[PDB]
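Reading through the structure tokens given below for one structure.
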Amino acid sequence: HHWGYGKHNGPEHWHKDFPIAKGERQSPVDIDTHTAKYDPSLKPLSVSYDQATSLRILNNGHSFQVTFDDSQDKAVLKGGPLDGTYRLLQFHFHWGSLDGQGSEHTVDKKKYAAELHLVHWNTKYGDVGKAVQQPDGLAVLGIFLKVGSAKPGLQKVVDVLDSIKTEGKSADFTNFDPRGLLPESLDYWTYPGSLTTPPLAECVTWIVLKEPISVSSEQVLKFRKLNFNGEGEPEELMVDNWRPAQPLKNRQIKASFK
Ligand SMILES: [Zn+2]
């Protein structure tokens with residue numbers, strides 16, 4: 001039926017409705033750290049999030065997402081491997097049922113407990129709908145989560161999750177500052193890829209940060225209490241909403257760091 005992460009509608013099925021699932025530049029991938037190429041022509045990332053305006057938090061039945069006002073250049077990503085200015089639209093997470101799985105990207109086959117995606121779109125295309133049709137339309141910042149110490153800047157998000165437990169619930173979520181989710185270092189790997197959910201469009205420049213952030217077990221536990229289902233349907237916990245690594249095919253992963 002409609003796609004998801006279950007036995008009968010999960011990632012191994014998606015190609016029937018979205019044939020680009022078997023394409024040449026699909027995501028995520030395993031990052032082989034010994035095969036990644038240091039590229040000294042890569043610039044530092046510029047993350048300018050001081051003027052970010054968050055709007056809403058929403059359970060969309062496959063993750064939860066925080067949406068931002070992208071009507072002007074408030075929260076932007078520039079530099080790195082990018083040409084031009086990319087506006088922050090939303091962030092969302094992927095996570096597991098257990099601490100040893102949950103990330104989409106892996107590093108030398110290592111899985112992390114979760115993965116944070118900050119999705120940005122190239123302002124030269126005027127709106128995000130147009131941007132997803134272009135090979136350089138989106139830039140997604142990927143950040144790994146490991147279980148350890150708590151991340152204080154994540155707590156405002158975990159404390160509102162009980163109010164968006166089921167599919168289609170949303171809530172006002174203003175004045176959230178996404179800088180509190182970033183690691184110390186902005187060293188990164190980058191490669192051309194795709195959205196990791198349908199429609200799996202091959203429009204993404206991936207920027208995956210080397211340094212994970214730490215979250216506590218109590219914080220990740222709250223993610224795992226969300227539901228895939230709508231209110232009044234049989235309860236199905238929202239866990240393991242990650243798509244496995246795809247073949248690299250004819251691509252090179254570049255590193256910003258030696
Ligand atoms: Zn994602």
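Labels used: A, B, ... for chains in the order of the structure tokens, numbers from 1 for residues in each chain, and numbers from 1 for ligands as shown.
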Selection: 6 Å around range 110-126 of chain A, only C-alpha atoms, excl. self and same-chain fewer than 4 positions, as a ChimeraX atom specification: /A:85-95,99-103,106,130-131,137-146
For range 227-242 of chain A: contacts at 9 Å, only C-alpha atoms, fewer than 3 positions along chain excluded, given as a PyMOL selection string: chain A and resi 4-5+11+59-63+93-98+101-104+114-115+164-169+196-197+223-224
I need the residues from that last selection saved to file as a short mmCIF file (atom, residue, chain, number, x, y, z; two decimals), in the first residue's frame (with N, CA, C and O atoms), if you can.
data_model
loop_
_atom_site.label_atom_id
_atom_site.label_comp_id
_atom_site.auth_asym_id
_atom_site.auth_seq_id
_atom_site.Cartn_x
_atom_site.Cartn_y
_atom_site.Cartn_z
N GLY A 4 6.36 2.71 3.88
CA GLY A 4 6.78 2.91 5.25
C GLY A 4 8.03 2.15 5.57
O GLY A 4 8.93 1.98 4.70
N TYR A 5 8.08 1.63 6.75
CA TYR A 5 9.28 0.92 7.16
C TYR A 5 8.98 -0.46 7.68
O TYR A 5 9.81 -1.07 8.34
N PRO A 11 11.68 -0.35 2.86
CA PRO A 11 12.61 0.12 1.82
C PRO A 11 12.82 -0.86 0.66
O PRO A 11 13.07 -0.40 -0.46
N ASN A 59 4.24 15.42 13.51
CA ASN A 59 4.43 14.01 13.28
C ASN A 59 3.85 13.71 11.90
O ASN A 59 2.64 13.81 11.73
N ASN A 60 4.70 13.39 10.94
CA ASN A 60 4.20 13.11 9.56
C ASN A 60 4.01 11.61 9.22
O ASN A 60 3.74 11.29 8.04
N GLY A 61 4.04 10.75 10.22
CA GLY A 61 3.81 9.36 10.09
C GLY A 61 5.06 8.59 9.74
O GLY A 61 4.98 7.36 9.79
N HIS A 62 6.15 9.28 9.39
CA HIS A 62 7.43 8.57 9.18
C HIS A 62 8.57 9.17 9.99
O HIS A 62 9.60 8.49 10.13
N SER A 63 8.40 10.35 10.57
CA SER A 63 9.42 10.96 11.43
C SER A 63 8.69 12.08 12.17
O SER A 63 7.45 12.17 12.02
N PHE A 93 14.57 13.55 12.17
CA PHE A 93 15.49 12.53 12.68
C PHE A 93 15.11 11.16 12.15
O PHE A 93 13.99 10.90 11.76
N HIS A 94 16.08 10.27 12.16
CA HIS A 94 15.93 8.85 11.96
C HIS A 94 16.52 8.16 13.18
O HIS A 94 17.55 8.57 13.66
N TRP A 95 15.89 7.10 13.67
CA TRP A 95 16.39 6.46 14.85
C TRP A 95 15.99 5.01 14.90
O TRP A 95 15.18 4.54 14.13
N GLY A 96 16.59 4.29 15.86
CA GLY A 96 16.38 2.86 15.97
C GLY A 96 15.58 2.39 17.14
O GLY A 96 15.21 3.18 17.99
N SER A 97 15.37 1.07 17.15
CA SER A 97 14.73 0.45 18.31
C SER A 97 15.73 0.17 19.45
O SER A 97 15.34 -0.06 20.60
N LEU A 98 17.00 0.09 19.09
CA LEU A 98 18.11 -0.19 20.00
C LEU A 98 19.21 0.77 19.74
O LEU A 98 19.29 1.35 18.63
N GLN A 101 21.61 0.79 16.32
CA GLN A 101 21.14 1.06 14.98
C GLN A 101 20.28 2.29 15.00
O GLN A 101 19.81 2.73 16.02
N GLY A 102 20.07 2.88 13.83
CA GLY A 102 19.20 4.03 13.77
C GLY A 102 19.66 5.02 12.73
O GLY A 102 18.84 5.78 12.16
N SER A 103 20.96 5.13 12.53
CA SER A 103 21.47 6.10 11.52
C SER A 103 21.22 5.51 10.16
O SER A 103 21.04 4.29 10.00
N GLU A 104 21.22 6.40 9.17
CA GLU A 104 21.12 6.03 7.77
C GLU A 104 22.52 5.89 7.20
O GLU A 104 22.84 4.80 6.67
N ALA A 114 21.10 7.36 16.05
CA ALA A 114 20.16 8.18 15.27
C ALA A 114 20.94 9.09 14.34
O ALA A 114 22.16 9.22 14.43
N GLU A 115 20.21 9.75 13.47
CA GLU A 115 20.77 10.70 12.51
C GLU A 115 19.81 11.84 12.34
O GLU A 115 18.61 11.67 12.14
N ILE A 164 2.64 15.33 20.06
CA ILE A 164 2.51 14.99 18.65
C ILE A 164 2.73 13.49 18.49
O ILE A 164 3.50 13.00 17.61
N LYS A 165 2.11 12.71 19.37
CA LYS A 165 2.41 11.30 19.43
C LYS A 165 2.04 10.51 18.20
O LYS A 165 2.74 9.58 17.82
N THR A 166 0.94 10.88 17.57
CA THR A 166 0.41 10.14 16.43
C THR A 166 0.46 10.93 15.16
O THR A 166 0.55 12.17 15.15
N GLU A 167 0.36 10.20 14.05
CA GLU A 167 0.44 10.75 12.73
C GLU A 167 -0.56 11.87 12.51
O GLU A 167 -1.74 11.73 12.86
N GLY A 168 -0.05 12.97 11.99
CA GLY A 168 -0.88 14.13 11.63
C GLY A 168 -1.01 15.19 12.73
O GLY A 168 -1.52 16.28 12.48
N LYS A 169 -0.54 14.89 13.94
CA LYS A 169 -0.54 15.90 15.00
C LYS A 169 0.57 16.91 14.79
O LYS A 169 1.71 16.56 14.39
N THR A 196 16.30 10.33 1.20
CA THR A 196 16.28 8.93 1.67
C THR A 196 14.88 8.46 1.94
O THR A 196 14.71 7.30 2.40
N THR A 197 13.86 9.29 1.70
CA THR A 197 12.45 8.85 1.70
C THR A 197 11.90 9.16 0.32
O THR A 197 12.36 10.07 -0.37
N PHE A 223 12.00 9.53 21.74
CA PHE A 223 11.77 9.35 20.30
C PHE A 223 10.99 8.06 20.05
O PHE A 223 10.13 8.00 19.19
N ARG A 224 11.38 7.02 20.76
CA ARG A 224 10.88 5.66 20.52
C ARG A 224 9.48 5.46 21.04
O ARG A 224 8.91 4.35 20.85
#
Residue among A:226, A:36, A:28, A:72 lying closest to ligand 1, counting only C-alpha atoms and all ligand atoms: A:28
Residue neighbourhood residue 252 in chain A, 9 Å, only C-alpha atoms, exclusion window fewer than 6 positions, as an MDAnalysis selection string: chainID A and resid 35:37 190:192
Could the residues in this selection be saved with C-alpha atoms as a compact mmCIF listing (two decimals), in the first residue's frame?
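Once everything was written out, this is part.txt:
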# COMPACT_ATOMS: atom_id res chain seq x y z
CA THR A 35 38.73 5.36 0.53
CA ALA A 36 37.39 8.91 1.06
CA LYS A 37 39.56 11.46 -0.62
CA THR A 190 30.41 15.16 1.08
CA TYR A 191 28.99 13.25 -1.90
CA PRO A 192 26.11 13.65 -4.37
Selected residue of minimal separation from ligand 1 among A:179, A:8, A:200, A:40, counting only C-alpha atoms and all ligand atoms: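 Counting only C-alpha atoms and all ligand atoms, the residue closest to ligand 1 is A:200.
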